[PDB]
Amino acid sequence: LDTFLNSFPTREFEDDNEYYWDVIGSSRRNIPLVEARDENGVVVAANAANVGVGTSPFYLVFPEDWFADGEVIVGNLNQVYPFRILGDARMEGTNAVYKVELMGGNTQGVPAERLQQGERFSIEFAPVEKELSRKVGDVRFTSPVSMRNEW
Amino acid sequence: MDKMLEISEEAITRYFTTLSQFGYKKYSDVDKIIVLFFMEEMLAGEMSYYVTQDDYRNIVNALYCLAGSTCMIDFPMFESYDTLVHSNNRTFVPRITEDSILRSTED
Amino acid sequence: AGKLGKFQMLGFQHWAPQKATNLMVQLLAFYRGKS
Amino acid sequence: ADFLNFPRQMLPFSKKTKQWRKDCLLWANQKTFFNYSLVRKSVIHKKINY
Amino acid sequence: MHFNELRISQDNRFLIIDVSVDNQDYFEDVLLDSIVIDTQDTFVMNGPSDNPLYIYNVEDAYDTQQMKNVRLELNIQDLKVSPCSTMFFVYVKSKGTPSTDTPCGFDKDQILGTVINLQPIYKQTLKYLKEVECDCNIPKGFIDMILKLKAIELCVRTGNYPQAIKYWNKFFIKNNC
Amino acid sequence: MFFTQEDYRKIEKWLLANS
Amino acid sequence: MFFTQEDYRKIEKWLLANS
Amino acid sequence: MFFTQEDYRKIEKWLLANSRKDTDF
Amino acid sequence: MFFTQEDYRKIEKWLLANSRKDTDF
Amino acid sequence: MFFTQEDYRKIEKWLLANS
Amino acid sequence: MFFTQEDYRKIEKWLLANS
Amino acid sequence: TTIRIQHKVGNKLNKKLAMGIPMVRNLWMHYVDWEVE
Amino acid sequence: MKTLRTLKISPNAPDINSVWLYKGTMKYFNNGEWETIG
Amino acid sequence: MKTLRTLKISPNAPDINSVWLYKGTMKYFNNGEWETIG
Amino acid sequence: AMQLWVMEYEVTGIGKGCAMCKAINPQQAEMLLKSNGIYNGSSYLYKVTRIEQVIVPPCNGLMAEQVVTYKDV
Amino acid sequence: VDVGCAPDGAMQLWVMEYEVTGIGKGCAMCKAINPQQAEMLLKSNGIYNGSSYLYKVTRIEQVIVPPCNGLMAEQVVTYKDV
Amino acid sequence: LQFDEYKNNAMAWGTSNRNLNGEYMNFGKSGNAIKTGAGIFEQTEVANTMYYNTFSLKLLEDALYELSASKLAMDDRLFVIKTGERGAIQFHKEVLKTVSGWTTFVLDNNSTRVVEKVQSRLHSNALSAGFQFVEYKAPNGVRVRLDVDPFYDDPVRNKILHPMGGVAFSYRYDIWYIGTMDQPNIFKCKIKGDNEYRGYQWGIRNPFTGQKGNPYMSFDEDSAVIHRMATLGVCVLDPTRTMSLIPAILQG
């Protein structure tokens, strides 16, 4: 039992008080969907028609302000339904809703089954024009929580 | 409902009875009267079709803040025969002094 | 054939002793983003 | 980060190859957040002096 | 109709309901229909609420005088509620037409029975009495508890159940038993 | 007596069930 | 509310009256 | 439980919302 | 040591909790 | 309490009273 | 007169012993 | 294809922040020059 | 077609390429199901 | 759990770890005795 | 973010399953399974059959049991 | 979270896998005070508590409650495993 | 001897007596709270809890691959299991039960060498017998090795016996180090400067230091007491980098 305990190194401390050490996660995250609303604000259920049918704007209500002004975010099927964001987030209390139209040349619209609660959304990129382009996109950070032990 | 109508009728009758004996009622109490008969109008018209059971719960719990607030609005009395401690009128009828394998036994 | 939740990622809007290690600790119970 | 060490220095000279010297410098870039010594003040304490 | 016994078992594991129909010569045709359990969270004034805690139908149990008496022992931990901090409301329905000679006022199909756990109040009274045993002074909290219980009793007997829920949740909710 | 929406849902649904 | 079956029958009866 | 005339009126007013006439097919 | 009807009533109400009928076997 | 036997006989006498 | 829990326990146990 | 980014602020976090909470049994300064790059 | 070389005496199911023997019945794995002998 | 790699057709009991084959049966060693299948 | 819900579900054609979520109402516990479960690409395979809240004051008891037999397959 | 249970006062939630010998495999979820008590609940309140020797528990792993919503634990016992 | 036995059971076997409400209920003789911090074997079980009755290799291998799926490189997945002597026999049978399901391969004598030829006077070609499985190589670079340590089999502290013989602590599998961490994950916290106070109070003689005649007397009796005390703890930075596997008969 003592040979096993001498197989571990030893740290030197200043006090006999509590000591803490802080653990960290990643800065990259996808966000679960709450609700998606059509051009005039009426929620889309699963037994409905397509939503962005003629490159028409529609909404995505998210439980946190995470996305930015001109980015492209994707649903569970990446790169097939690319969603360009329009304008900053309108805070419905704590939630955040974005104006969103389709990006990758989709002329039939997103199906109604791809806009349900629980679906995760992640940032891809923030494109602009070649001429007279304006500011888009943002940068996200991450934080530490702590662990604890004593003597 | 048929009871909000009675409560409101009693409340405004008391209000004008006070304005007959006196010439003054607290407008902080006239506000409660106003809330009461507004709710009575709204629930007894074409606006009640928007009412869910959660809405009914909230409406009743908001109205009961008016219950003993003034003399005009009074606690309603409903037909009830219950209590927090009910009676035990069960009778014991032993059979042939018969204990069961562990418990006692009746009819 | 089933997972179990070992971490949860929340925003900040959903919220001095001595130091054991002076740098931070990257747990294995965390996904790491991929370049 | 999250995986490195300082490479083992008790090696023969033939085993101190091109990657082994490169691992020593890539470890050195990790220890650039840190400046602690026993007979020195902190960089913030020195930079406030200047 | 009426209640024979309506209490929580002394072991704090069962919620006992024993219902019987009145013995009257004009209540032969009246039977028992169902038992609906509600708590202080789902209670509504106009009859049993939707999404009730426990719905019970009497024709399932039996295969006619059996219908006129019903007894239950519901394991409270199966209902997924706290036996100490819950205020059960027990509704019962008749499913029957009484005779035409029924006196005015007795043809009430529905009844209601309120249930609370009396152990926490008992332990609180023992704590307050133990405090009284020192220096023979009555804590004011003891008188407050007595009068608050009297208020809930008056509210229940008068049928003012929502304010009874208010008083219960505000005053007596944190109970050890 | 006072009906909520759910009361109307019950009544109408049960009537269509019997038609 | 529960709307036991005879209440539904009453509703049917009334509605079917001026049917 | 006893229903009076106004409860019946509310029930019909609700049911009228769902239904149409033959001409409306 | 005399018992009144009330004491016997308490004995009944205690014993009833322990015993059950034929149907409950 | 410290019940005597005769008290127990009284109890069973009055319980088998409703025999 | 007054009974406690233990009094009832004695009474019921003595009943069951002689049944 | 043309891409653009910005960040309204320097070494400190801003409005877009996330926390990572692990499930164990008993339950610095951000270099803004480096996250934008 | 499929050649089996092993016969296992096990109350649980063996691998799919071995023959199950258990207390008096024989089973062999065919087409995703355990096909009994009898 | 107990693999029997071989099968021996013989009028005598060949071995514990082989499967005995007679005229219209196929026996194997289980519970300390020979159990027929089917 | 309020209660805990232990579920017994049955994936059609594949087998049975047991689950546990944290949701405010038990329809949302089915939402956090059908969207965050292992069968996300076949989310229609879930047929939940029993949801019950983790009611604490027992704190010694089974909440879900689901065996798979050799004759069900 | 001081409810009044044996391990230090808090409620503990466990995920159990097993293989019932001769019958198959399964999943199990339970609250228990010890992980020994978790396998004594399958032998008492399980499906095959009569034939109690058939329960071969192979995994007993705890779930820790997160701060917010999410799928806590999952367990699939598919048919091609059995 | 005894102070080496007291420290090493406090470093390894720790029980933190801080409450769920953040309080300490065990009070010393003077009146203050006896504060205890967690040991090695309490800090290591808080993340990778695992208990069992029947050992199965498929759940040791699919849980050392769930935690280090795409986080460790292919060369960094050597998982070295510390166990007892009887935990190696249970591990030997489950690999023996695993490779008996590999029916597509046949396992020859010519490679496994379970029947080696030996020389003896009893026969012209005499044989030997015996084999053991000590290593399982999982798919995609994960390896598992056995390190039988004599610490797990100590019957003086380990009193519950396993049904298969030996102490119950022998069947406990511990992977202390998963990958590399760039800093020590497990280390022994010791205070800088807190040498243990060797402290004697005595009367006219001191039998330990050997002093006849005392200028400063604590008291008036022929006595000499030793008082020594040590403030000590341990710390495990990442208990998710450490996967354990405990028998359930130790009751958690």
# chains A, B, ... in the order shown; residues from 1 in each chain; ligands from 1
>>> select_by_dssp(residues="region 19-91 of chain B", states="helix (DSSP H, G or I)", output="PyMOL selection string")
chain B and resi 19-21+27-43+48-50+53-66
>>> residues_around(residues="residue 197 (chain Q)", least_positions_apart="6", cutoff="12 Å", atoms="only C-alpha atoms", output="PyMOL selection string")
chain Q and resi 226-231
>>> residues_around(residues="residue 28 (chain O)", least_positions_apart="6", cutoff="10 Å", atoms="only C-alpha atoms", output="PDB file with N, CA, C and O atoms, in the first residue's frame")
ATOM      1  N   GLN A 117     -38.482  21.047 -32.801  1.00  0.00           N
ATOM      2  CA  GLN A 117     -37.769  21.308 -31.560  1.00  0.00           C
ATOM      3  C   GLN A 117     -36.839  20.148 -31.230  1.00  0.00           C
ATOM      4  O   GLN A 117     -37.217  18.978 -31.330  1.00  0.00           O
ATOM      5  N   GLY A 118     -35.611  20.478 -30.840  1.00  0.00           N
ATOM      6  CA  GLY A 118     -34.581  19.502 -30.560  1.00  0.00           C
ATOM      7  C   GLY A 118     -33.474  19.452 -31.588  1.00  0.00           C
ATOM      8  O   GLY A 118     -32.409  18.891 -31.303  1.00  0.00           O
TER       9      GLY A 118
ATOM     10  N   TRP O   5     -37.488  12.162 -15.713  1.00  0.00           N
ATOM     11  CA  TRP O   5     -38.447  11.252 -16.330  1.00  0.00           C
ATOM     12  C   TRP O   5     -37.722  10.028 -16.865  1.00  0.00           C
ATOM     13  O   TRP O   5     -36.837  10.156 -17.714  1.00  0.00           O
ATOM     14  N   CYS O  21     -34.585  11.215 -19.040  1.00  0.00           N
ATOM     15  CA  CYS O  21     -34.416  12.601 -19.449  1.00  0.00           C
ATOM     16  C   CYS O  21     -34.755  13.527 -18.294  1.00  0.00           C
ATOM     17  O   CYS O  21     -35.213  13.098 -17.234  1.00  0.00           O
ATOM     18  N   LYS O  22     -34.524  14.816 -18.521  1.00  0.00           N
ATOM     19  CA  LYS O  22     -34.892  15.881 -17.595  1.00  0.00           C
ATOM     20  C   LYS O  22     -35.722  16.894 -18.369  1.00  0.00           C
ATOM     21  O   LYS O  22     -35.186  17.618 -19.212  1.00  0.00           O
ATOM     22  N   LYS O  34     -36.333  11.690 -28.945  1.00  0.00           N
ATOM     23  CA  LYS O  34     -36.443  11.552 -30.393  1.00  0.00           C
ATOM     24  C   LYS O  34     -35.449  12.426 -31.146  1.00  0.00           C
ATOM     25  O   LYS O  34     -35.171  12.155 -32.317  1.00  0.00           O
TER      26      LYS O  34
ATOM     27  N   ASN P  69     -31.987  20.972 -18.964  1.00  0.00           N
ATOM     28  CA  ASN P  69     -32.641  19.892 -19.693  1.00  0.00           C
ATOM     29  C   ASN P  69     -31.641  19.076 -20.508  1.00  0.00           C
ATOM     30  O   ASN P  69     -30.514  19.500 -20.769  1.00  0.00           O
ATOM     31  N   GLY P  70     -32.070  17.894 -20.908  1.00  0.00           N
ATOM     32  CA  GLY P  70     -31.265  17.038 -21.754  1.00  0.00           C
ATOM     33  C   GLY P  70     -31.533  15.575 -21.478  1.00  0.00           C
ATOM     34  O   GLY P  70     -32.102  15.190 -20.460  1.00  0.00           O
TER      35      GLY P  70
END
>>> calpha_fit_and_write(fixed="chain H", moving="chain I", output="PDB file with C-alpha atoms, in the first residue's frame")
ATOM      1  CA  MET I   1     -75.320  17.612 -13.829  1.00  0.00           C
ATOM      2  CA  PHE I   2     -77.997  19.954 -15.163  1.00  0.00           C
ATOM      3  CA  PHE I   3     -77.662  22.153 -18.254  1.00  0.00           C
ATOM      4  CA  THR I   4     -79.641  25.352 -18.757  1.00  0.00           C
ATOM      5  CA  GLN I   5     -80.644  26.891 -22.080  1.00  0.00           C
ATOM      6  CA  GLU I   6     -77.676  29.271 -21.886  1.00  0.00           C
ATOM      7  CA  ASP I   7     -75.141  26.433 -21.709  1.00  0.00           C
ATOM      8  CA  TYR I   8     -76.725  24.850 -24.773  1.00  0.00           C
ATOM      9  CA  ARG I   9     -76.464  28.254 -26.466  1.00  0.00           C
ATOM     10  CA  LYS I  10     -72.714  28.260 -25.803  1.00  0.00           C
ATOM     11  CA  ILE I  11     -72.498  24.738 -27.237  1.00  0.00           C
ATOM     12  CA  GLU I  12     -74.356  25.914 -30.351  1.00  0.00           C
ATOM     13  CA  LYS I  13     -72.107  28.934 -30.849  1.00  0.00           C
ATOM     14  CA  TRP I  14     -69.009  26.745 -30.496  1.00  0.00           C
ATOM     15  CA  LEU I  15     -70.246  24.034 -32.862  1.00  0.00           C
ATOM     16  CA  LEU I  16     -71.411  26.508 -35.517  1.00  0.00           C
ATOM     17  CA  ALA I  17     -67.797  27.579 -36.101  1.00  0.00           C
ATOM     18  CA  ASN I  18     -66.862  24.014 -37.087  1.00  0.00           C
ATOM     19  CA  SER I  19     -69.801  23.150 -39.372  1.00  0.00           C
ATOM     20  CA  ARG I  20     -70.906  24.593 -42.738  1.00  0.00           C
ATOM     21  CA  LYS I  21     -73.772  24.071 -45.138  1.00  0.00           C
ATOM     22  CA  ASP I  22     -74.227  22.200 -48.411  1.00  0.00           C
ATOM     23  CA  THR I  23     -73.360  25.291 -50.469  1.00  0.00           C
ATOM     24  CA  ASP I  24     -69.892  25.519 -48.886  1.00  0.00           C
ATOM     25  CA  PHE I  25     -68.736  22.145 -50.266  1.00  0.00           C
TER      26      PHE I  25
END
>>> residues_around(residues="residue 127 (chain Q)", least_positions_apart="5", cutoff="8 Å", atoms="only C-alpha atoms", output="MDAnalysis selection string")
chainID Q and resid 115:119
>>> residues_around(residues="residue 18 (chain F)", least_positions_apart="5", cutoff="10 Å", atoms="only C-alpha atoms", output="PyMOL selection string")
(chain F and resi 12-13) or (chain G and resi 12)
